[PDB]
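Accompanying notes for the structure given below.
Every number in this text was worked out from the coordinates using simple rules, so none of it is lab data. Quick reminder, even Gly has a Cβ in these numbers, built from the backbone with ideal geometry, and neighbours come from all protein chains shown.
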Amino acid sequence: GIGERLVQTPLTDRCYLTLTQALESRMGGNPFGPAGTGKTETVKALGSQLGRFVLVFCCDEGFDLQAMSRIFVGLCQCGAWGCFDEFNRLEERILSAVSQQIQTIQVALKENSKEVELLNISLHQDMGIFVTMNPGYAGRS
Amino acid sequence: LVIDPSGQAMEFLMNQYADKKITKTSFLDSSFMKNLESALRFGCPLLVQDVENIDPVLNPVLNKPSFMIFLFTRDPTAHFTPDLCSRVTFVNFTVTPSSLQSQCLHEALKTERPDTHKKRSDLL
Amino acid sequence: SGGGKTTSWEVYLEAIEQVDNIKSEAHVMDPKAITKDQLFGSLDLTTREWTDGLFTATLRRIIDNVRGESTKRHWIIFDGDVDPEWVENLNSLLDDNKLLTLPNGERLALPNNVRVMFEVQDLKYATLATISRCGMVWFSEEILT
Amino acid sequence: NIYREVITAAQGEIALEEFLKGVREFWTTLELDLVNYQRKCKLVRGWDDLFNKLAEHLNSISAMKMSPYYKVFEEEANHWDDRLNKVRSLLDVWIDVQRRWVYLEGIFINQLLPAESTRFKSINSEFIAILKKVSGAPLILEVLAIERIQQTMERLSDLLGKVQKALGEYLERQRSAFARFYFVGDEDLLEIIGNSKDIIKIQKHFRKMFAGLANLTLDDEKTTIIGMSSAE
Amino acid sequence: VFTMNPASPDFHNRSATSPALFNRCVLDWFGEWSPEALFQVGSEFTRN
Amino acid sequence: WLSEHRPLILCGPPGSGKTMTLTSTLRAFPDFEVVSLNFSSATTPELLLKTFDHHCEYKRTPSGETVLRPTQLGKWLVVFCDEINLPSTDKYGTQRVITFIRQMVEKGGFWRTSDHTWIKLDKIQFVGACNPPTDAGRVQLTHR
Amino acid sequence: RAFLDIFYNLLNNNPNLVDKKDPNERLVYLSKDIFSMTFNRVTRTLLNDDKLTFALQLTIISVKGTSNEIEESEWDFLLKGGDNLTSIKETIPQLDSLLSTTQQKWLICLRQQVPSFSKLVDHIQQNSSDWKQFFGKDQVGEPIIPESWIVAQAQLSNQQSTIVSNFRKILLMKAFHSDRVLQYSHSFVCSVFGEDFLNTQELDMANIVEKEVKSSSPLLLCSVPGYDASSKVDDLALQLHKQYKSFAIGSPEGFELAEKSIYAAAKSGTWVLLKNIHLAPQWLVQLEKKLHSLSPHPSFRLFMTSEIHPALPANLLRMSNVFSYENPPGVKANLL
Amino acid sequence: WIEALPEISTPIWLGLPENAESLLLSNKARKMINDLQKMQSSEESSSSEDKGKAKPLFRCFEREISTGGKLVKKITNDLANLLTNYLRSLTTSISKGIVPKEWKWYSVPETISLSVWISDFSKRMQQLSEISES
Amino acid sequence: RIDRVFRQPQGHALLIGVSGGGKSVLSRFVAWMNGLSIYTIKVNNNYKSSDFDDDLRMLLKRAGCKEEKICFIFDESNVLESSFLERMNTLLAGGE
Ligand SMILES: Nc1ncnc2c1ncn2[C@@H]1O[C@H](COP(=O)(O)OP(=O)(O)O)[C@@H](O)[C@H]1O
Ligand SMILES: Nc1ncnc2c1ncn2[C@@H]1O[C@H](COP(=O)(O)OP(=O)(O)O)[C@@H](O)[C@H]1O
Ligand SMILES: Nc1ncnc2c1ncn2[C@@H]1O[C@H](COP(=O)(O)OP(=O)(O)O)[C@@H](O)[C@H]1O
Ligand SMILES: Nc1ncnc2c1ncn2[C@@H]1O[C@H](COP(=O)(O)OP(=O)(O)O)[C@@H](O)[C@H]1O
């Protein structure tokens, strides 16, 4: 439709590269930093820039697990983009749950695997998983 | 209420009353409540590990046919409460510096010189 | 407290219905008088049964011209305490978003004839994430000598 | 000497007697606490309450068999053990049928899944028919007297279960047929499946399948699609 | 009949929470077994 | 203060004469049915509600609204909150029970979470007591 | 229960006690073979850095009650190395032609504290042609303690012992060369247990998990963030002929399902494994309480894996042969 | 070429100034030392009484003394209580070797011994003073 | 002193004292006398509020409905949850 388009700042580009170049490496993107910079928006802008169907999965809340497990099937098939806003905000229990899943999809996705064995489902190449968050501690993610 | 962290105590009882049959249960697995009623009536030693989380359902027993419960604690600093302290007979087993020094002096004399042990043993 | 707040927006809304003739209906409610799950709703983890919330519904009656609410301007003032709690479920509405989505994927859009506000005494318990996408209007008590 | 072994024995027995009194008077009259269901039927409420009472009495009946006075009321003790047990077994399969039905109830669309929409009618038939013999005689011990209700409710359980299983297999297909569908919860999905025609009752769900596509455009006839409209 | 102990960790806590306690009932501080008691309870238990 | 029906507070030490002083004066009022509520640390806005569904009644005025009036016809209900300054504050200093009261005093009604329909108080005023916030367990009252 | 073993193996399975049988003579070995054996079992869990730290304690304890016993006033200074320095107004002016501001206060704390370091200030003020290079900045020759002092002090006290003299150097170095403490400490320890003592001997997972560990205690492998011990177990499991059954302790169906393999494993005697146990902070606690009570068959060797994380409940590591792993120094090692 | 490479590798290989190794050895020597000062205490008071013996730009400065000076009263009045929920933990760090929480009103390195923190604050204060009269 | 408290409308006792000092035993006695019925709260590590509330009914009825003399001895080790006091609180104040 009309949607929203960010401003291609010198950062938006240096970020656009890290993701594309890294997304081409069959690996999900993870932009950290102090909340309020573009971590999410930029990621959404990239997908909307490639005619993709990016999805913002709001964490730091009641993040349903029984729902997430499902939705992933859609991302893998439709070939949509899964963006976890503040992905580090998930309770250790749930955070460990999803993490384990993304591990499954992303790992098998780096081998070209036409179909993942999550939860065997079809794995589309254009599909992509993105996890935003705050900077770690002293450089560590 | 054996406050034994080194585990030596627990090891002692399980070998002392192995005849009377002992159950190494604990306030953990549900098997507990089931084991007690068994040991209680049918008579036979017990042993409830981790007494840090004891239920107020045992009280009636800890205050009175032919058995004996053994409350244990691996926490050498376990800060108990008044109620539990009163209805129980503490038995500390934490190995202090002096104590352990004694255990080695013996377990060494009984080996690095068993002869001089048969003398004190047999004689006395 | 007692600075002219509750009175200010009361004269403003009442006066706009003449310079525009359009009715400026408002909806006040203490966001702390009820449990958060009643201010936005929740999901029954036994049948996916969704129990509507106060704000969720009050925003619906407007999108659904049951009584013809679109025929006028609206106002949803949260006359209550503010914390980084019942405010986060609105982020995706206070900014460009404009959609108080719900766990059941209801996705409630926000018209242009509807405005949300707050009448808090303080924000000492508010984070830079609560206000951020909000209009700050200091109401010093010194105003009402 | 002997005058104290009998006195205590007489008191120790009347205790077992007294105990059975509350059990014999609680189950030979206790009626299932039913509740109207949207004017279609009446389910059973207060499960945990019925179970707690069944478990309590059954535990005291099984233990009182090691008492020096059990030999007397041994026949009535074992009788209740049987009765009360069959009661707990029936309720377990019932609370399953009660639920399994309620869910499938708000569903059976039917013209799309006949193979199962018909298999449900047979279950829904006898169910509403049996629940009547229950609503009339709520006596938990009377309902347990129906013609092999156990073998009957267990069948409704299995059957009702065989239906819901097929549903998940169908919904699972509807999704694998239209990828997007994995974004809409089973809830909204069943609604989107039933309104295959009334596009109007689906317009509100599009935003959760397509990026910008918010509303579809229909021709002056309101039967054919022309274009798509974005939320903006 | 409220029967608590002075030692109990959460002592001064079980108070503020419920006012009715130290405002309704009659507080009879049993205290500790006085020296006079200990003596009599010992002589009476070792009589035979 | 009682004529205008204001939520006056009888702050004072334990046994000062608070509860008494009130009940006595309430006598000089023909239509004043009082109710005694004992607040504490758990006294949330919900509990205060439970007391209403046992002394008041939800009536739908011929207009179309729905008022909360004392069961007894033509009688002002007085909800006396004994220990009103005891309610515990959430993780954001907020005695939900107080904000709930303020919402009924200033605004004049509270939202009924079930059908989300404004419920205006007919003849139900307030009046509470307590000790100075200086005492333990006590929590200063919001200026609002 | 772990220590008692080293003690036991000392009196029995001691590799150096297989010969001589005389008890009066055997004692001589044990009296020393206790520190060696102990350090070996412990050094397997101690990270490189901490490896030395422990070595020191064992030393001071060994040379205890001997002519080499270190003064409790000196060891008190090593740890309490003038931590008050930030408040010493007294000075040493007649030495401004050498020591600096903060550099002077140190010499005082040394003289003020340890007795065997009081005459120091003078020894230095005397033949300054010796300490010149020590305190002397730009010194293209690792600072050196003037042999005049090392000996002038040795006799200035009945303490004419080598080991003692060695330790002392550390004190002097901690006050003027806080970068030589690690070195000189190593030298001290060696003069007591031999330069071969601290020699980090390569392991041998053979005797370890097979003939040096009961089925009662697992073998948790706390690795460093950025490395996985996974492979380690696998390469040894298969290359030994035995059962196996890894498990990803993180996924939802990983908790319950997995445990079973462990139970039966200990029942018959099969090897297991659980990586990233740290990912399950709230689970491991359960494993502990359980594992503790369940006598397994001798052919049992439950393994564990994770990274040095506080998650692992104390009761967990305590009941197992923990093995610390960390990428060593040097550029060569990195490349290879 | 690599196997023929010498094990040990100096900080010069890393483009770092040879001295670099001196800093590492120092800290590693200190940490080791600190550990021994613990494994000694656990295998073995009136401190406050001592430390108590101490205690356009126009817009900026004003605040420098205001916000800072406010801390002075805090330290004085808070510590004076030497002879609640806050007062409790405030004494934990003093006996554990860490600067009490609520005191860090200014940017200061995490690992900074108690004795130092206080000292700096003292000199850091005479700083604001010299500006007043100026 | 325990007797006085019993023979009086809304007579409750708050016996503070050392453990096993006779607080319960002596209370049961004076209770047994004035025709009161001592009701306990058999608890365990696996109790709850949904349980206390239930038992709070068996009691409240036996007194208000069946007009019976009960002596509810509530020991500290019984408040296995906050809510328990909130209930005991109002119960002490307005027997409701
Ligand atoms: N390059 C840009 N052009 C235009 N707006 C931007 C740009 N970068 C950031 N912003 C604005 O800053 C905000 C950053 O928020 P967002 O990125 O959504 O949260 P987070 O920083 O937590 O990911 C956005 O609302 C956006 O409008
Ligand atoms: N222009 C004015 N002159 C004098 N008094 C006023 C004026 N405007 C409002 N007031 C009075 O002052 C009070 C201000 O309260 P207000 O700020 O509206 O409520 P709140 O404190 O809840 O925001 C009102 O009760 C009103 O009677
Ligand atoms: N003027 C007075 N006349 C009669 N009795 C009084 C008077 N003042 C105080 N009292 C007594 O003191 C007690 C005060 O209790 P009350 O006021 O009910 O509790 P609180 O002061 O905690 O609200 C009453 O029981 C009453 O008998
Ligand atoms: N005066 C006394 N003489 C002998 N035994 C006593 C006396 N008072 C109490 N006891 C004993 O001490 C125990 C106290 O138990 P109880 O009163 O139930 O607990 P508490 O005192 O902690 O409430 C009783 O079992 C009783 O046998």
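Tabulated data
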{"quantity": "Residue among I:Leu80, I:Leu14, I:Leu91 that is under 22 Å from E:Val26 (Cβ atoms), of a type in the set (A, V, I, L, M, F, W, C), away from ligand 4 (no atom under 16 Å from the Cβ) and in contact with a helix residue (DSSP H, G or I) (Cβ under 9 Å, 6 or more places away or on another chain)", "calculated": "I:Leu91"}
{"quantity": "Search result, residues across the range C:35-66 that are among the hydrophobic types (A, V, I, L, M, F, W, C) and outside any helix (DSSP H, G or I)", "calculated": "C:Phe40, C:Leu43, C:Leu45, C:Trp50, C:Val66"}
{"quantity": "The range H:2-30: number of residues that are in a helix (DSSP H, G or I) and either in contact with an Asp or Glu (Cβ under 6 Å, 6 or more places away or on another chain) or facing chain G (nearest Cβ under 7 Å) (or both)", "calculated": "6"}
{"quantity": "Qualifying residue in the range F:31-48 (condition: within 14 Å of another protein chain (Cβ to nearest Cβ), assigned to a strand (DSSP E or B), touching a helix residue (DSSP H, G or I) at 6+ places or on another chain (Cβ under 9 Å) and of a type in the set (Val, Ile, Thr))", "calculated": "yes"}
{"quantity": "Filtered residue count, the range E:7-18, keeping only those that are surrounded by 15 or more Cβ atoms within 10 Å (Cβ to Cβ) and either within 7 Å of chain I (Cβ to nearest Cβ) or of a type in the set (A, V, I, L, M) (or both)", "calculated": "5"}
{"quantity": "Answer from A:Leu55, A:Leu50, A:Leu23, A:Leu17 - the residue that is crowded, with 20+ Cβ neighbours inside 10 Å and either among the hydrophobic types (A, V, I, L, M, F, W, C) or away from ligand 3 (no atom under 16 Å from the Cβ) (or both)", "calculated": "A:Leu55"}
{"quantity": "Enumeration of residues in the range F:12-25 that are among the hydrophobic types (A, V, I, L, M, F, W, C) and surrounded by 16 or more Cβ atoms within 10 Å (Cβ to Cβ)", "calculated": "F:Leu22"}
{"quantity": "Cβ-Cβ under 8 Å pairs, at least 6 apart or on other chains, the range I:1-21 side among the hydroxyl-bearing types (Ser, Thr, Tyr), far side buried (at least 19 other Cβ atoms within 10 Å of the Cβ)", "calculated": "I:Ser19/B:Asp83; I:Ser19/E:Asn5"}
{"quantity": "Residue within the range F:91-108 that is among the basic types (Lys, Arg) and in a loop (DSSP other than H, G, I, E, B) present", "calculated": "yes"}
{"quantity": "C:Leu128 being in contact with a strand residue (DSSP E or B) (Cβ under 7 Å, 6 or more places away or on another chain) and either among the aliphatic types (A, V, I, L, M) or within 16 Å of ligand 2 (Cβ to nearest atom) (or both)", "calculated": "no"}
{"quantity": "Qualifying positions in the range G:264-284 - within 13 Å of chain A (Cβ to nearest Cβ) and either in contact with a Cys (Cβ under 9 Å, 6 or more places away or on another chain) or under 25 Å from B:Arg74 (Cα atoms) (or both)", "calculated": "G:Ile277, G:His278, G:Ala280, G:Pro281, G:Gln282, G:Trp283, G:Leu284"}
{"quantity": "Neighbours by Cβ (under 8 Å, 6+ apart or cross-chain): first from the range C:119-145, over 23 Å from C:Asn97 (Cα atoms) and within 14 Å of chain F (Cβ to nearest Cβ); second aromatic (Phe, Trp, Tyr) and in a loop (DSSP other than H, G, I, E, B)", "calculated": "C:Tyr125/F:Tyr92"}
{"quantity": "The range F:109-129: number of residues that are more than 13 Å from chain C (Cβ to nearest Cβ) and either part of a loop (DSSP other than H, G, I, E, B) or closer than 22 Å to C:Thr51 by Cβ (or both)", "calculated": "2"}
{"quantity": "Any hit, the range F:23-30, residues being more than 14 Å from chain I (Cβ to nearest Cβ) and closer than 16 Å to F:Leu121 by Cα", "calculated": "no"}
{"quantity": "Selected residue [of a type in the set (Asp, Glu) and either surrounded by fewer than 17 Cβ atoms within 10 Å (Cβ to Cβ) or touching a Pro at 6+ places or on another chain (Cβ under 8 Å) (or both)] from C:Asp52, C:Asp30, C:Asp95, C:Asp83", "calculated": "C:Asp95"}
{"quantity": "Those residues of the range C:1-28 which are on the phi < 0 side of the Ramachandran plot, in contact with a helix residue (DSSP H, G or I) (Cβ under 7 Å, 6 or more places away or on another chain) and either at the interface with another protein chain (Cβ under 10 Å from one of its Cβ atoms) or within 16 Å of ligand 3 (Cβ to nearest atom) (or both), in sequence order", "calculated": "C:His27, C:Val28"}
{"quantity": "Out of A:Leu11, A:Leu75, sole residue that is outside any loop (DSSP other than H, G, I, E, B), closer than 22 Å to C:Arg107 by Cβ and of a type in the set (A, V, I, L, M, F, W, C)", "calculated": "A:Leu75"}
{"quantity": "Residues that are at negative phi and loosely packed, with under 15 Cβ neighbours inside 10 Å, drawn from the range D:136-154", "calculated": "D:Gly136, D:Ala145, D:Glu147, D:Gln150, D:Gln151"}
{"quantity": "Qualifying residue in the range A:80-94 (condition: assigned to a helix (DSSP H, G or I), away from ligand 2 (no atom under 16 Å from the Cβ) and within 9 Å of another protein chain (Cβ to nearest Cβ))", "calculated": "yes"}
{"quantity": "Residues that are touching a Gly at 6+ places or on another chain (Cβ under 6 Å) and farther than 21 Å from A:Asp64 by Cα, drawn from the range D:180-218", "calculated": "D:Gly212, D:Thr217"}
{"quantity": "Qualifying residue in the range I:21-40 (condition: within 16 Å of ligand 3 (Cβ to nearest atom), in a helix (DSSP H, G or I) and facing chain E (nearest Cβ under 7 Å))", "calculated": "no"}
{"quantity": "Some residue of the range G:118-139 being within 14 Å of chain H (Cβ to nearest Cβ), under 28 Å from the mean Cα position of the chain (by Cα) and acidic (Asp, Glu)", "calculated": "no"}
